[PDB]
Amino acid sequence: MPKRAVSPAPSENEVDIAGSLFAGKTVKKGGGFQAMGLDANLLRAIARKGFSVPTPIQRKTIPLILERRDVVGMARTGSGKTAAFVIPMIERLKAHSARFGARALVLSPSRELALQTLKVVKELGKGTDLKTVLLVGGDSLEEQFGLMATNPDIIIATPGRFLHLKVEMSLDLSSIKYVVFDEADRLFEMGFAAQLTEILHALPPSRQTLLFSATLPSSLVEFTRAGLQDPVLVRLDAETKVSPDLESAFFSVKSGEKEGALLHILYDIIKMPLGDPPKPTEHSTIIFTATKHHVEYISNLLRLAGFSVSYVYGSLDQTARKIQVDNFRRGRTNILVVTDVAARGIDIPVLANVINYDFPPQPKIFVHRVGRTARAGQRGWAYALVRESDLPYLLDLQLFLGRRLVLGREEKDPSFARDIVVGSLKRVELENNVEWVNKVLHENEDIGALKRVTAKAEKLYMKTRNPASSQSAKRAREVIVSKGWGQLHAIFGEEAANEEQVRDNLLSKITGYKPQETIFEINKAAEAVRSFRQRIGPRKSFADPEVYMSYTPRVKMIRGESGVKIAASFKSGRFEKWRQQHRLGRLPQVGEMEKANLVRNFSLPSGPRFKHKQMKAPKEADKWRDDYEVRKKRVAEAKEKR
Amino acid sequence: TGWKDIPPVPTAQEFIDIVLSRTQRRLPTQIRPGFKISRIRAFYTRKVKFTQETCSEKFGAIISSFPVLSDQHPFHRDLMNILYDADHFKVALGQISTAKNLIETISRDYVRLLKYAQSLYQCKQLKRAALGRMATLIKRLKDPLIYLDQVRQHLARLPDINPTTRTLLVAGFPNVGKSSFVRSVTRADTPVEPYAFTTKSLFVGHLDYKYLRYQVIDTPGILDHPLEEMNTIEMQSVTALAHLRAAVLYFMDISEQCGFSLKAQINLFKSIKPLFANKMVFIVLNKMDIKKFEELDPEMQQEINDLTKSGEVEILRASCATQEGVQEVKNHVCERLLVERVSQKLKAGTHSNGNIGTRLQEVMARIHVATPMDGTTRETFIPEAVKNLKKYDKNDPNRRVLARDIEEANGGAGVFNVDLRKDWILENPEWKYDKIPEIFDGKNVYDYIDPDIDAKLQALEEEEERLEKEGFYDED
Amino acid sequence: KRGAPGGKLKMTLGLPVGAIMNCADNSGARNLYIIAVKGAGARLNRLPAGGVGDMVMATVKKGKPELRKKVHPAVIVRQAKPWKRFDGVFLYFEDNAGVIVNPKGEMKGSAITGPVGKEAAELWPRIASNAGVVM
Amino acid sequence: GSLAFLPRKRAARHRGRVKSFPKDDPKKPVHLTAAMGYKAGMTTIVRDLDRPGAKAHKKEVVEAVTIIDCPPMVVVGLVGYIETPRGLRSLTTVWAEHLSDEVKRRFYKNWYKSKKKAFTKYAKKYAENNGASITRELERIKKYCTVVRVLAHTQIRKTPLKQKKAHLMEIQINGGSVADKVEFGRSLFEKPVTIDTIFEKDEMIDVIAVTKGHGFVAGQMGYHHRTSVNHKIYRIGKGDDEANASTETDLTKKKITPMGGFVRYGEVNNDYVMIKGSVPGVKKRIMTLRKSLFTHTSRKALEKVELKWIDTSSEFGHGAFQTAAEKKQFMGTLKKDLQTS
Amino acid sequence: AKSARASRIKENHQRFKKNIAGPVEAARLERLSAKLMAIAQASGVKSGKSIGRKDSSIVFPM
RNA sequence: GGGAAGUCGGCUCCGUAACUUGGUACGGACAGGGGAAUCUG
RNA sequence: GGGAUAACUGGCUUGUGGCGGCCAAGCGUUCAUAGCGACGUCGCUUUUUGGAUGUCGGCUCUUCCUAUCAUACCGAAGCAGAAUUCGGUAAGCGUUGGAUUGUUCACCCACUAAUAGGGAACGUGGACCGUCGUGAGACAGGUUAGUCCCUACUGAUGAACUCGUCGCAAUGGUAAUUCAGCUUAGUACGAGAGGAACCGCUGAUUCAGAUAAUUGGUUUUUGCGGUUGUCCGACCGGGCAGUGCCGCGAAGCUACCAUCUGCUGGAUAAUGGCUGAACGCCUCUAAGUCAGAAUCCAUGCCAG
Ligand SMILES: Nc1nc2c(ncn2[C@@H]2O[C@H](COP(=O)(O)OP(=O)(O)OP(=O)(O)O)[C@@H](O)[C@H]2O)c(=O)[nH]1
């Protein structure tokens, strides 16, 4: 049944930088943690970790967080954002509080990435006496009641379970002074928007909210505009600056030759090696696409091609994602195939080439893709397969980067790193590797079934893609008409341009032919063909630079753990059952002291939380069985142990 | 694959009757003015909305089914430009796309009008306006619907040409040899009557050569016009010559039996040769039976040899009538293109990197034949009677009667009863067709069967006689 | 062609929809989860079920992470509910098992562990060729 | 449910009615159509199947069969029917001398009280030289009647029930001139006809009975008059063979009845008809067996049937012994048989 | 599918009843009639040959 | 208790040595249990 | 604050827009020009490059209509085959979900032969008044508004016609559906890719009616065996745990959890014909008349 049962898992990456509409006896600016003045226990704990120099996303943020300003954070993964928001707690807290009530709230989207912030906290918080509890799904809802009675001061939690605790416990949420919403773009993607709203209303008006993320979708923007007070945008340096060491090339391909066009770039443009390679590899090409069904085609075709390729997509398994991003990072494979959401989750190393199998809809998505490569002064390349329907998104990419566009061989030596260069591929070698694609498609049924799935998956993606602008749409019609659209691309050399020129100067007259008589003229239908052709035949600086005003600039319903739509405020009865199961009294309010009893009644275990706790007695002894005496006392020993 | 799976496209009148009868037959049609105005409005809104969706699902069907020109091979978008004017084709489909956009706009506006209506008369007049306005939009669309119906019939009646595979292409001047050669090598329906252009469209056939499938394309013919002007018939020829990779076969009539001069035939080659520069060409001097290569004067031989001085042109001789050359002109051409294609295939895999692919590793493994190290061969137990045994021919009158023929005489697949004892071998025939005992006195007979049972039973007799003399069954 | 097995005599179906069954081939999957038994009748409140030899749609729940949380068709090869055979043998297997197979009838796995039901080997020749014990 | 069988109505009579006899033409020879029997139970067989095109071709197939105990009938009367524009109607009925006590019991309800007086004056009509009346009775049949039937009754003296009454019906004669079937029925008077003459092996018949009644836990559930068509006869047993259940590939001298007897029936010591599958009715119940109305259009008919074995093991429990000798030989000798001997 | 009361199915059945199952039922019925034969053979107003009277809602009572 | 459903489920601390009350290296331990079974001598 | 209609439809409703112009048979103030005026065509909407929905439901069941989604039959289409498309006769027989949603439809995805639409007096299980306000508003302000009988039918009985046996059959109900595999056959057809059907044969789903040999399930046979705790001082034998617990089990009942069975003649509709007038050609129709749908009416079946 599940042929797109719910929806395609990689949906779209809504991005926004209209989020700028939020706003000698002297160690002179050493740029270290001590220049910011952290705690003496905390700064040696940093030295235990190995953070000698703060990463740039820390260096901007942790100044502002101590000065108590709400910080929205643009930061790619792997930049050390996780430490960037907990070292202001180990600075803020410095001791365990005798009063009841946690003072730190950390909201994590997934279970596994919650443990990533968990492991950071004890790694950065040794020496002090802080208390941390984790509230994730799949754990018992009797253990999590008890860990609240252990009186923490940092609670890390998934918003589904934390709200379920909050409505069940009727916890006074006011004891928390600093809230962090880590990876909130992941939070809104899994459908926590309604539960984040009810959490936010219950958080106190006096709080310090930050929010660290990789991207800012438009729905996230309205959440901070209603949630965060006086937000400040912090961006990772030159994220929006495409690095000038990058050379780009855009190739005009048809829809039926897109697979063979990817085989051209790997074979003769990159000259990638075949097979497994004998810290990434030197070639190290990524492949970007649109849907998980396109991932499965592109991965499985390259296995049949013979290239070493790993693949990650949106609804990929937890363990399955680690092993493939491990293989790419240590250089055991050459190709990584991501959609966009798997890209923004996994940590991307220094990368050499980037292939765009499908053109990004927003021009800012292209920046995010080429931002993953050609960094830190090393040269890089970025190729994309443009189409006719994907052409207006390319002319919109011109207007954003402000670059010049060349069409095939309009210039003898176009500047790849500065000018957008479009054209066609080698004709001869494209028809060989699309012959191979059609040969494999006719041969193996499994790849053929993957084509039919990704054909209808693409047809949905075509319909729901954000449309291009009208001026970009109109100007796409002219360059299609223009003679440079089908000419050979500039990489392939001037020597390739001559024998292409001596042939297509004659060939273009075949394409420009207009039939004076359609074959139905060669009856009522014959009079009809004469009726169309008569109806539809062809129809016969003065401004100062200083001032010129230019038109251009410069009962609420939630989803429960059972998956059934439950009313938001539901008091089931488990705490009430909890409160005579051990017959506890009234819980503390916010402010009263902890009970040294209540911590030791419901403490933590030794630490290894095994998932297997099923204790059963063996079955009764059958006196005619083979192991009668062996079964006999082990049943009795079970009665002694109980 | 082909464009046969394009649904038939109706005229403007048949579009109107299909849409309007769908609205009447598949929805309720009875409403009385004494009913509530909320359900009077709900009745008429459903009728207007249903009409639009059937229009949109039909206008969307023709748009989706018809091929987009800028997605095909350059052979196909040029062929579909010549056959049907591509300027006229996207304005016919373009007209039907903006017609569906207006119909939803009519439907979107009139459901808003109906929602604020106040009488059954008002709702009746508002539906008739909407169904009438969609009717007069389709009736205006009459002219492009006839075009799209006619290009649909001719697209489904078009030969399947796949540019990727190995292709033999037969071209040349009209009335030389083309239809006779394609008929001689390939079973393919190609007319053979003797006038200027009998063939008006491309004809495709297929042939086999060392167990590999080859396709052959026959084309109408090209005149001496310098391709600035040609009609649609010969522009079909040069499109297949310019876009399809093929070992082309330029048939040349040495005799003037086509009525067209031999010096004109060379001038066509030198005009179209720039489209042939990459491929390999073979000029077939057809019809030597009436005029042989030694009979014409030595001046024309020199420029014929000058064609061979270009390294990509070969002289081949054949004569379709009497088939004096067609098999060896076929064996020559597909051999040269096979060794060309294998040269590219070994290059595609031995490119200047030093690493061979896994597809190359799999295919060298197939070619490798394992041979035992010692080199001895095992003894083969082929019986002597099978070497002189006569092969079975179904058209031979004197046939060995098979079990299929016995079946058809005695019934059919589900009537005939196979006799699995007629093939039994025994000591004598009447032991066959015998009921074989299975159970006797509550035990299996089969477990008690062995040869020398008679001698084994005598040991039971002798030992029983021993125990009777021993008195070991006596009561005390 | 719709994947309907032809010419089989019906037995007691012992694998309803939403039933966890073991995986017998070496494709890496360790568990399959039935969502659709094709060829089943259309009846209200009647859960579709399939016996040995019926080809079903399944989701991998246990196994190697490359093959986890994917949907493939499969053929039931063992079942635990007793069923009739035409010679009078009432018989059943120790577990419910199936093999991941393509819609044509070619299995992705290379070998089959455990026994193979007689009905599945007769209906699908590729499973019969890859079977070690046909019982 | 089905509207063809509604409303749920009890059968008006315990026996069962033929209702429709097969259409008669005189070209075939004379033959009777219906018969009774009494159901004894069910057992298993193995049949070597001879069906071309089936998966079970030429391999053993287990099959459930029923056993109906049929003692020989006795012909006692001949009723003739004339064809009126209000339907058929019985014109006259002729009986025979020496009606048995069991068939006379059917005419009575208190046999023990009533002195045996039925058909006493009719028997004097035969013997006191008023045989002119009997010949006038038969000549009226020959001249006016279009179809004739045989009044035949079964003997439950040999069938081991506790019922001493008998069961009468009309059995239609088909196939001949109305004169020819008169001499047929008159010759059958006071004579026992056997089921071997009525039906034969591998032929497909109809069974008429009343179903089981589901009383004592919306209305009458059960006890319905059902006729069920297309049941295949696998064996007619002769009773005196002493090898009734013996097949060609099982040479064990055994009768049809299982060890310990049929449950609530007893031992079948008479002719039995072994029929494919289930049959309407219960144990000890009268079963009316009837010929097919129409010529068969199936290959299930015209199919010769050969049997491998018949299950003579007990149905009072799980038994895996067919004969008493097999049970004794497997179990060895016991201490009760040692003390008795 | 074709109905059980379809005219083509009836005609196919009529050819089976005439050609295939016809003589088989005729031969079986001959053997049964021979068996019934073996069991069977094992003045007019004074002799009863002339039929007389034995021992009205159709006409109105006069 | 079971089946079904939904999920992302099942597949660091002690002692010892030099350095400044705190860190650094070495040695040991943590990061399992239960129930059901089969085959084999 | 006064006045006025007790209330709506009941040969209602459905598939083809409005406006202006041109043309226009007829009728008319006296005539086609005082003028009313259809079908078409022209101009506008409308063109030369391919989301909408308020209270409701949700399920089962009965019955009906056809405005037919499937299954049967035909007519037409570049309809080669395959798959279809449009239309007509047809209500015998069947007729889903999932994502999303306040809820539905549209669209998309999956299954299936298909998972059509409707009807059943739209089937059977506040209401003012008072008080305080008046640029707006209210009132823990009030009281008040505002429904257990008869009978049809079915089943089982039943008085009288003397009791009983075997029958006839007026009338009423009526039952079977759909798919697949083998052969035809890799065959017709086809350039290729592909690819049927009739006759014959064998299964399966649904539906209906039965049955208990065998295989599961169940144990007021309380049948056999083991076992827990109590008391009668002890044995025996008992009260005991409103039929203690644990194994196995006959019989009986059951199981879409097992097995069996489901049948043929006539007349037609759309349509295809034959002979042949009207009408000196011609025509399936007018008089005569052949074939033909899962249709109709009966047989088979149930009641009597
Ligand atoms: N003598 C001779 N005549 C030939 C030969 N081949 C073709 N022809 C002539 O050509 C006619 C066959 O048609 P072709 O000329 O081969 O067909 P075409 O070259 O496509 O030109 P069209 O006639 O337009 O079809 C025959 O009637 C012959 O008269 C040949 O080999 N020898």
# chains A, B, ... in the order shown; residues from 1 in each chain; ligands from 1
call {"tool": "residues_near_ligand", "arguments": {"ligand": "ligand 1", "cutoff": "8 Å", "atoms": "only C-alpha atoms (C1' of nucleotides) and all ligand atoms", "output": "count of residues only"}}
result
35
call {"tool": "residues_around", "arguments": {"residues": "segment 11-23 of chain F", "least_positions_apart": "4", "cutoff": "12 Å", "atoms": "only C-alpha atoms (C1' of nucleotides)", "output": "PyMOL selection string"}}
result
(chain A and resi 40-41+44-45+47-48+119+122-123+126-127+319+606-608) or (chain C and resi 28-31+60-65+67-68) or (chain F and resi 27-31)
call {"tool": "select_by_dssp", "arguments": {"residues": "segment 391-470 of chain B", "states": "alpha helix (DSSP H)", "output": "PyMOL selection string"}}
result
chain B and resi 403-409+453-469
call {"tool": "select_by_dssp", "arguments": {"residues": "segment 30-64 of chain C", "states": "strand (DSSP E or B)", "output": "PyMOL selection string"}}
result
chain C and resi 31-37+49-50+55-60+63
call {"tool": "interface_residues", "arguments": {"of": "chain F", "to": "chain C", "cutoff": "10 Å", "atoms": "only C-alpha atoms (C1' of nucleotides)", "output": "list in words"}}
result
residues 3, 4, 5, 10 and 11 of chain F
call {"tool": "write_last_selection", "arguments": {"atoms": "C-alpha atoms (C1' of nucleotides)", "output": "PDB file, in the first residue's frame"}}
result
ATOM      1  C1'   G F   3      -3.756  -9.582  19.849  1.00  0.00           C
ATOM      2  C1'   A F   4      -4.511  -5.012  17.144  1.00  0.00           C
ATOM      3  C1'   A F   5      -2.988   0.531  16.482  1.00  0.00           C
ATOM      4  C1'   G F  10      12.884  -4.424  19.956  1.00  0.00           C
ATOM      5  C1'   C F  11      18.102  -6.393  15.174  1.00  0.00           C
TER       6        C F  11
END
